[PDB]
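K.L.:
Residue numbers (PDB author numbering), protein chains in the order written: chain G, 15 to 118; chain C, 13 to 118; chain H, 33 to 124; chain D, 30 to 124; chain E, 37 to 135; chain A, 38 to 134; chain F, 18 to 101; chain B, 25 to 102. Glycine included, C-beta positions come from ideal geometry on N, C-alpha and C. Okay, here's the structure, questions in a sec.
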Amino acid sequence: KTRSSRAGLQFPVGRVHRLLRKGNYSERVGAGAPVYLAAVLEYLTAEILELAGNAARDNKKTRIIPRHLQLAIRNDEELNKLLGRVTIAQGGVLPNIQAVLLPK
Amino acid sequence: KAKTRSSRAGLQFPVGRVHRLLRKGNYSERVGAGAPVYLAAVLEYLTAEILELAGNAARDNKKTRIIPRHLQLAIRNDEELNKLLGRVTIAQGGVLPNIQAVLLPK
Amino acid sequence: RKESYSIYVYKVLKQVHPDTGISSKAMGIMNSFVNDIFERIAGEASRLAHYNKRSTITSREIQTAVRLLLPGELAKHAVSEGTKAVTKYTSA
Amino acid sequence: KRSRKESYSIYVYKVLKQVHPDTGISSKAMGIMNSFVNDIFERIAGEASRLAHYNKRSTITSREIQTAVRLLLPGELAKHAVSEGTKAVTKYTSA
Amino acid sequence: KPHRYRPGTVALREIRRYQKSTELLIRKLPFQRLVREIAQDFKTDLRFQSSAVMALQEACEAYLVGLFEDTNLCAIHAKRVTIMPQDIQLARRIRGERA
Amino acid sequence: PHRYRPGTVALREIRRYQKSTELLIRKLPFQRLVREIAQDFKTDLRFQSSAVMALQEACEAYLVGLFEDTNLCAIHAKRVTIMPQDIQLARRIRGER
Amino acid sequence: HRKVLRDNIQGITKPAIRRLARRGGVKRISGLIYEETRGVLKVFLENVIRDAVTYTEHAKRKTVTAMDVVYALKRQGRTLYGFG
Amino acid sequence: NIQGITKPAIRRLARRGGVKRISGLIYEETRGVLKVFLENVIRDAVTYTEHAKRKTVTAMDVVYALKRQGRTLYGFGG
DNA sequence: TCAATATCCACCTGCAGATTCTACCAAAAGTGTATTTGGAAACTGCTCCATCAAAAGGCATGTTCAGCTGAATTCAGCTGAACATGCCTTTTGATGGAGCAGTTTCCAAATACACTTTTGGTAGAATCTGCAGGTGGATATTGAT
DNA sequence: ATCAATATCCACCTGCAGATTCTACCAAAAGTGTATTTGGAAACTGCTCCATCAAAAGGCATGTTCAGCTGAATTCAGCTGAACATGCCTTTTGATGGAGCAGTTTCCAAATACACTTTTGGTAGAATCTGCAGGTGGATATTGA
Ligand SMILES: [Cl-]
Ligand SMILES: [Cl-]
Ligand SMILES: [Cl-]
Ligand SMILES: [Mn+2]
Ligand SMILES: [Mn+2]
Ligand SMILES: [Mn+2]
Ligand SMILES: [Mn+2]
Ligand SMILES: [Mn+2]
Ligand SMILES: [Mn+2]
Ligand SMILES: [Mn+2]
Ligand SMILES: [Mn+2]
Ligand SMILES: [Mn+2]
Ligand SMILES: [Mn+2]
Ligand SMILES: [Mn+2]
Ligand SMILES: [Mn+2]
């Protein structure tokens with residue numbers, strides 16, 4: 015009987031709500047703002063985790079690590095764009111070497 | 013007699029308003045009495061720094077009324093302010109004249 | 033005590049990859065992520081409402097907010113999921 | 030139907046006349062001055078808010094505002110900004 | 037004579053010229069249509085506070101004027117005095133406008 | 038006696054380091070540098086071990102990135118060697134100075 | 018029932034561009050620059066008009082205010098002084 | 025001390041950067057940039073520190089710092 | 001095209017640093033209940049946006065023509081890359097030993113609320129006034145010779 | 001080095017937009033109690049930090065050669081810039097009509113504000129694992145002849 019389950023979500027709807035209130039964003043918080051926001055967070059979360067899981071499988075590992083999250087982010091136009099100004103610590107860079115530098 | 017907090021503070025800027033803008037800005041639940049005093053103080057100061065500089069630009073242009081061009085000239089010629097307003101763009105301020113040396117004739 | 037999204041992150045992980053696990057350090061990044069975005073949406077959300085002289089951040093705000101933050105296509109699902117997750121909640 | 034709109038003009042002016050009594054600001058220029066005034070009131074108010082949040086502190090006191098000013102304003106303006114603001118405060122609190 | 041100014045003598049004259057001024061260099065009306073043309077292809081049946089189109093033009097030129105400076109720098113760093121597309125691209129590429 | 042052409046081990050090191058993710062600067066030296074720099078801001082400070090890690094991650098990540106842009110610039114200058122003039126422009130356009 | 022708007026991107030004439038370039042302190046200009054510039058402009062514009070029209074739409078209005086543009090320019094990171 | 029940051033290490037970073045040949049003057053140039061990077065981040069961190077009346081720089085301070093430098097970092101301070 | 005030299009790439013193998021588990025106490029996170037109030041509807045008031053309507057030049061446009069710039073070679077130095085050679089600062093693993101971040105109590109000193117009482121700031125209406133926008137003559141700047 | 005062909009300048013010069021004073025009201029800002037909390041003192045802990053070994057161990061620092069790589073000349077179309085000639089199509093005041101942006105009230109569905117219960121999510125110990133990183137060997141790739 016928790017809104018999170020009522021809204022059919024794995025994320026803490028109730029919490030998002032409290033956080034929206036504590037955070038000092040407005041005086042009053044709509045009842046749907048949490049559920050909504052909560053959803054969006056969860057969704058983006060899955061998107062990442064999914065590609066990151068994949069990133070790991072093709073790497074032969076069963077456990078997702080930072081690099082994995084990095085390789086998953088930088089390889090997606092959408093995400094790369096999104097977190098274009100964020101650095102995943104311990105994620106290194108994508109393997110890329112300018113053509114002009116390769117031997118003839 | 014009623015006292016303007018600004019006067020009690022020795023300022024031209026509206027302390028009474030700064031305080032109000034803080035409350036209605038959802039910056040935090042409560043607001044100290046000094047917050048406004050101190051904020052308005054900095055605002056007014058900076059304002060003075062720009063104007064002092066701006067106004068000069070004006071004079072060097074033989075003009076007596078400060079105009080955007082002047083505001084720009086003043087701001088871009090002072091590291092401090094230009095750093096501060098580095099991402100800010102002044103409508104009608106044109107650019108600081110500057111021509112790469114390599115571009116000039118022999 | 034210190035709250036965190038670790039749990040929910042995991043619960044979500046075991047849904048797309050019930051098989052895949054997740055490094056501790058990696059789990060840290062996932063939190064940083066959720067907070068950052070929570071922050072971003074919530075910001076524009078308030079910011080926006082404030083622009084409209086209104087005193088309450090509703091799902092309306094959050095949605096538009098998402099539309100200003102998320103990349104054209106990434107924003108759709110973000111949006112669909114939002115509307116969906118609400119109607120469901122608000123119905124039952 | 031007064032539909033009143035606030036501003037800082039009045040003050041931008043007073044101060045102008047304070048440094049350069051002779052000169053006067055135009056209009057489009059005054060317009061820019063407000064933008065500036067507001068732009069920093071927020072940069073500062075924000076930081077102040079963000080700061081206060083990190084410390085689980087309930088209110089934004091002059092302290093906050095200062096550190097804000099310190100984080101925001103570069104080197105010199107920062108120094109002069111503070112003294113000026115600190116000073117002005119204690120005068121207000123001098124009863 | 038007739039009297040022709042060496043190629044580039046004017047170009048320079050023109051820099052010192054426009055850097056000295058502040059008006060908009062793109063024509064009003066032609067520009068306004070692009071706004072309305074673009075705007076239109078998003079939300080239909082839109083209106084425009086005149087000053088809004090100005091905010092945009094002020095914004096655009098100021099952008100282009102600035103972009104061009106970086107570009108000119110790239111050209112020069114390329115031992116060229118002529119800006120070319122590759123210059124605009126490296127500039128944006130570095131600026132982080134897009135990768 | 039076997040030797041590789043100049044630039045061969047170089048391309049290898051690239052392929053190699055672009056793959057690895059471990060920090061590339063020695064932690065001790067770094068930590069020392071941090072505390073020193075920091076000491077000019079407030080005396081007798083303590084650093085959370087993790088706070089220094091953040092700094093190094095951030096720092097290295099930064100340089101790694103700055104080098105990338107630098108290369109593009111150097112290459113733009115039709116070179117294969119990165120010089121100071123490159124880091125400079127890159128920074129400049131980046132609006133860091 | 019006003020006319021169909023099209024190709025207006027050419028409003029940004031060749032002359033108009035070189036003037037911008039000059040203020041940018043550019044001396045010599047390759048023939049390609051022009052079209053490349055037009056493109057770069059459309060993209061810049063698009064993005065700001067998009068975000069702007071969004072603030073409008075969200076405010077349940079049919080008119081784009083200067084503010085809409087100002088807020089748009091600001092979140093894009095091109096804070097403009099002079100209208101808002 | 026900034027010299028603590030050695031050639032090889034500087035060499036490697038560039039390498040991860042995709043740089044092949046490296047001019048010798050670079051190293052010195054790199055130190056400067058590197059030093060400024062820190063000066064700025066720390067200067068700020070230490071401030072978030074001092075404000076919280078602490079004598080210890082927390083990773084969170086560093087985070088909140090790298091965040092206003094526009095250098096957002098994921099992984100520390102939760 | 002041989003030919004070594006080294007550099008990768010693989011398919012195990014397993015010891016060890018972390019991942020699930022496990023078993024539980026408090027802040028949140030739900031539940032009614034009792035106000036409260038934001039702002040979604042009408043309903044205008046009337047501001048300012050979209051549209052002509054004509055003329056004026058101020059500027060695009062398209063065309064010559066050829067200065068001089070961007071590209072293409074060549075070519076040495078000179079400068080970095082590639083390598084052993086030999087120390088020597090990092091790295092690690094474990095301790096103690098103070099510092100601190102962090103908690104509780106405690107409790108004035110501040111800050112929120114309300115209740116009205118002023119008076120300063122914001123429209124519009126008059127009352128000025130800096131400054132285009134125009135015109136000459138030094139003064140300079142270019143560029144042919 | 002001279003000198004004719006054009007740009008700049010730099011005052012001088014009034015009639016207007018636009019500014020800069022005038023009034024005139026309200027919407028704040030100020031004032032005066034009350035009621036509700038911060039969040040700054042003092043002790044008081046129990047985690048991390050720090051300072052100390054020290055143990056070899058991988059890295060750095062260092063000179064040697066040299067392969068390229070970079071920075072210098074030297075041409076050489078043509079592709080830009082400078083100038084014209086010819087018109088188009090922006091500007092530019094001038095009206096309106098009338099789509100909306102704003103005010104102003106109502107009034108209700110939706111938000112607080114309160115206790116008053118349940119439920120869940122952070123610890124502080126257990127119970128397994130996914131890999132690191134070390135083998136061998138097979139090619140593979142990089143380089144002399
Ligand atoms: Cl809502
Ligand atoms: Cl205060
Ligand atoms: Cl090109
Ligand atoms: Mn003065
Ligand atoms: Mn109401
Ligand atoms: Mn020819
Ligand atoms: Mn050339
Ligand atoms: Mn102690
Ligand atoms: Mn009065
Ligand atoms: Mn004039
Ligand atoms: Mn040779
Ligand atoms: Mn024509
Ligand atoms: Mn109507
Ligand atoms: Mn449980
Ligand atoms: Mn392995």
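Near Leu-80 of chain H, which residues of its chain fall below 7 Å by C-beta distance, leaving aside the five closest residues on each side in sequence?
P.N.:
For the purposes of this step, residue 80 of chain H is identified with residue 48 of the third sequence, where counting begins at 1. So the qualifying residues of the chain are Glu-93, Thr-96, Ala-97.
K.L.:
Counting only Cβ pairs nearer than 7 Å, list the residues of chain C close to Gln-85 of chain E.
P.N.:
In the fifth sequence, residue 85 of chain E corresponds to position 49, counting from 1. Under the 7 Å cutoff, chain C gives no residues; its nearest Cβ is about 15 Å from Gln-85 of chain E.
K.L.:
Under 7 Å from any heavy atom of ligand 1, does the C-beta of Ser-91 of chain H make it?
P.N.:
To locate residue 91 of chain H, count along the third sequence from 1; it is residue 59. Yes, the Cβ of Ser-91 of chain H comes within 7 Å of a heavy atom of ligand 1.
K.L.:
Can you name the residues that DSSP bridges to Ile-89 of chain H?
P.N.:
Position 57 of the third sequence, counted from the start, is the residue given in the question as residue 89 of chain H. BP columns for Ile-89 of chain H point to G:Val-43.
K.L.:
Quick one: what's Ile-102 of chain C bridged to in DSSP?
P.N.:
The count along the second sequence starts at 1 and reaches residue 102 of chain C at position 90. BP columns for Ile-102 of chain C point to F:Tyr-98.
K.L.:
Would you please verify whether the beta carbon of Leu-106 of chain H is less than 8 Å from any beta carbon of chain F?
P.N.:
Taking the first residue of the third sequence as 1, we reach residue 106 of chain H at position 74. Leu-106 of chain H does not count as touching chain F.
K.L.:
Could you check whether the Cβ of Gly-37 of chain G sits closer than 7 Å to any heavy atom belonging to ligand 1?
P.N.:
The sequence position of residue 37 of chain G within the first sequence is 23, counting from 1. Result no, Cβ not under 7 Å from ligand 1.
K.L.:
Can you tell me which of the three DSSP states residue 8 of chain G falls into?
P.N.:
Nothing can be reported for residue 8 of chain G, as the shown portion of chain G is limited to 15 through 118.
K.L.:
Relative to the C-alpha of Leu-108 of chain G, which candidate in G:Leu-115, G:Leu-116, G:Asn-94, G:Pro-117 has its C-alpha closest?
P.N.:
Translated into positions along the first sequence, residue 108 of chain G becomes position 94. Considering only alpha carbons, the answer is G:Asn-94.
K.L.:
Could you pull the DSSP bridge partners for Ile-119 of chain E from this structure?
P.N.:
For the purposes of this step, residue 119 of chain E is taken as residue 83 along the fifth sequence, with counting starting at 1. For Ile-119 of chain E, which the question treats as bridged, DSSP gives the partners F:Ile-46.
K.L.:
Mind checking whether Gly-44 of chain G and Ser-91 of chain H have CB atoms under 8 Å apart?
P.N.:
Within the first sequence, numbered from 1, the residue matching residue 44 of chain G stands at position 30. Within the third sequence, numbered from 1, the residue matching residue 91 of chain H stands at position 59. Yes, Cβ-Cβ distance for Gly-44 of chain G and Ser-91 of chain H is below 8 Å.
K.L.:
For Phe-84 of chain A, does the three-state DSSP call read helix, strand or coil?
P.N.:
For this step, residue 84 of chain A is matched to residue 47 along the sixth sequence. Correct three-state label for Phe-84 of chain A: strand.
K.L.:
Leaving out five residues on either side along the sequence, give the residues of the same chain with a beta carbon under 8 Å from the beta carbon of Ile-119 of chain E.
P.N.:
Mapped onto the fifth sequence, residue 119 of chain E falls at position 83. Hits under 8 Å: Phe-104, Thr-107, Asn-108, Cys-110, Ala-111.
K.L.:
Is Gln-24 of chain G close to chain A, meaning its C-beta is less than 8 Å from at least one C-beta of that chain?
P.N.:
Counted from its first residue, the first sequence places residue 24 of chain G at position 10. No, because no Cβ of chain A sits closer than 8 Å to the Cβ of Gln-24 of chain G.
K.L.:
Give me the pocket residues for ligand 4, defined as CB within less than 7 Å of any heavy atom, sorted by chain position.
P.N.:
The answer, residue by residue, is C:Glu-64, D:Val-48, D:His-49.
K.L.:
Would you mind sorting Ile-130 of chain E into buried or exposed? The rule is 16 or more other CB atoms within 10 Å of its CB.
P.N.:
Your numbering for residue 130 of chain E matches position 94 in the fifth sequence. Under this definition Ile-130 of chain E is a buried residue.
K.L.:
Less than 8 Å between the beta carbons of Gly-53 of chain H and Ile-102 of chain G, yes or no?
P.N.:
Here residue 53 of chain H refers to the residue found at position 21 of the third sequence. Here residue 102 of chain G refers to the residue found at position 88 of the first sequence. No, these two residues do not count as a Cβ contact at 8 Å.
K.L.:
If we ignore side chains and look at the alpha-carbon of each, how far apart do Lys-59 of chain F and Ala-95 of chain E end up?
P.N.:
The residue you call residue 59 of chain F lines up with position 42 of the seventh sequence. The residue you call residue 95 of chain E lines up with position 59 of the fifth sequence. In a straight line, the C-alpha of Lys-59 of chain F is about 13 Å away from that of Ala-95 of chain E.
K.L.:
Give me the chain D residues within the contact set of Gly-101 of chain F, using Cβ-Cβ distance strictly less than 7 Å, ordered along the chain.
P.N.:
The residue labelled residue 101 of chain F in the question sits at position 84 within the seventh sequence. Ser-64, listed in chain order.
K.L.:
Tell me whether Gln-68 of chain E, by its Cβ, gets closer than 7 Å to a heavy atom of ligand 3.
P.N.:
Counting from one through the fifth sequence, the residue named residue 68 of chain E turns up at place 32. Not so, every heavy atom of ligand 3 lies at least 7 Å from the Cβ.
K.L.:
Return helix, strand or coil for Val-81 of chain B, following the three-state DSSP convention.
P.N.:
On the eighth sequence, position 57 is the one that residue 81 of chain B refers to. Residue state, collapsed to three classes: strand.
K.L.:
Give the interface partners of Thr-118 of chain E over in chain F, defined as CB-CB distance under 7 Å, in chain order.
P.N.:
Translated into the one-based positions of the fifth sequence, residue 118 of chain E becomes position 82. The contacting residues are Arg-45, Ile-46, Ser-47.
K.L.:
Rounded to the nearest angstrom, what separates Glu-71 of chain H and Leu-34 of chain C at their Cα positions?
P.N.:
Taking the third sequence and counting its residues from 1, one reaches residue 71 of chain H at position 39. Taking the second sequence and counting its residues from 1, one reaches residue 34 of chain C at position 22. If you take the alpha carbons of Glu-71 of chain H and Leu-34 of chain C, they lie about 21 Å apart.
K.L.:
Kindly say whether residue 2 of chain B, judged by its beta-carbon, lies nearer than 8 Å to any beta-carbon of chain H.
P.N.:
No statement about residue 2 of chain B is possible, as the shown extent of chain B runs from 25 to 102 and does not include it.
K.L.:
Evaluate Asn-38 of chain G with the Cβ neighbour count: other Cβ atoms within 10 Å of its Cβ, from every protein chain shown; 16 or more gives buried, anything less gives exposed.
P.N.:
Sequence index remark: in the first sequence, residue 38 of chain G carries index 24 (1-based). With 16 or more Cβ atoms within 10 Å of its Cβ, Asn-38 of chain G is classed as buried.
K.L.:
With DSSP collapsed to three states, give me the class of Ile-79 of chain G.
P.N.:
Within the first sequence, the letter at position 65 stands for residue 79 of chain G. In this structure, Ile-79 of chain G counts as coil in the three-state DSSP scheme.
K.L.:
Please classify residue 3 of chain B: is it buried, with 16 or more other beta-carbons within 10 angstroms of its beta-carbon, or exposed?
P.N.:
Only positions 25 to 102 of chain B appear in the structure, and residue 3 of chain B is not among them; the question remains open.
K.L.:
Could you tell me the distance, in whole angstroms, from the CA atom of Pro-117 of chain C to the CA atom of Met-84 of chain F?
P.N.:
Mapped onto the second sequence, residue 117 of chain C falls at position 105. Mapped onto the seventh sequence, residue 84 of chain F falls at position 67. Approximately 46 Å between the Cα atoms of the pair.
K.L.:
Decide yes or no for the touch test of the region 75 to 91 of chain E against the region 81 to 96 of chain A: beta carbon pairs closer than 8 Å, at least 3 of them.
P.N.:
Output reads no: the region 81 to 96 of chain A does not touch the region 75 to 91 of chain E.
K.L.:
So, at 7 Å on beta carbons, what are the nonlocal neighbours of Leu-83 of chain G in its own chain, with the 5 sequence-adjacent residues on each side left out?
P.N.:
Position 69 of the first sequence holds residue 83 of chain G. So the qualifying residues of the chain are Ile-62, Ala-66, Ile-102, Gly-105.
K.L.:
By DSSP's criteria, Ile-39 of chain D is part of a beta bridge. Which residues make up the other side?
P.N.:
Working through the fourth sequence from its first residue, we reach residue 39 of chain D at position 10. According to DSSP, which records beta bridges pairwise, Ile-39 of chain D is partnered with nothing at all.
K.L.:
Determine the closest residue to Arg-72 of chain E out of F:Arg-95, F:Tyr-88, F:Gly-28, F:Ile-46, with distance taken between C-alpha atoms.
P.N.:
Position 36 of the fifth sequence holds residue 72 of chain E. Among F:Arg-95, F:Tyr-88, F:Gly-28, F:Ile-46, the Cα nearest to that of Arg-72 of chain E is on F:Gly-28.
K.L.:
Identify whether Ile-54 of chain D lies in helix, strand or coil by the three-state DSSP scheme.
P.N.:
Translated into the one-based positions of the fourth sequence, residue 54 of chain D becomes position 25. DSSP places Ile-54 of chain D in strand when its eight states are reduced to three.
K.L.:
In its own chain, which residues sit with a C-beta less than 6 Å from the C-beta of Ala-21 of chain C, not counting the 5 before and 5 after it?
P.N.:
Here residue 21 of chain C refers to the residue found at position 9 when the second sequence is read from its first residue. Closer than 6 Å at the Cβ level, and outside the excluded window around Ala-21 of chain C, lie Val-27, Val-49.
K.L.:
With respect to 7 Å, is the separation between the Cβ of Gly-28 of chain C and the closest non-hydrogen atom of ligand 2 below this value?
P.N.:
On the second sequence, position 16 is the one that residue 28 of chain C refers to. It does not: the Cβ of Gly-28 of chain C is nowhere closer than 7 Å to a heavy atom of ligand 2.
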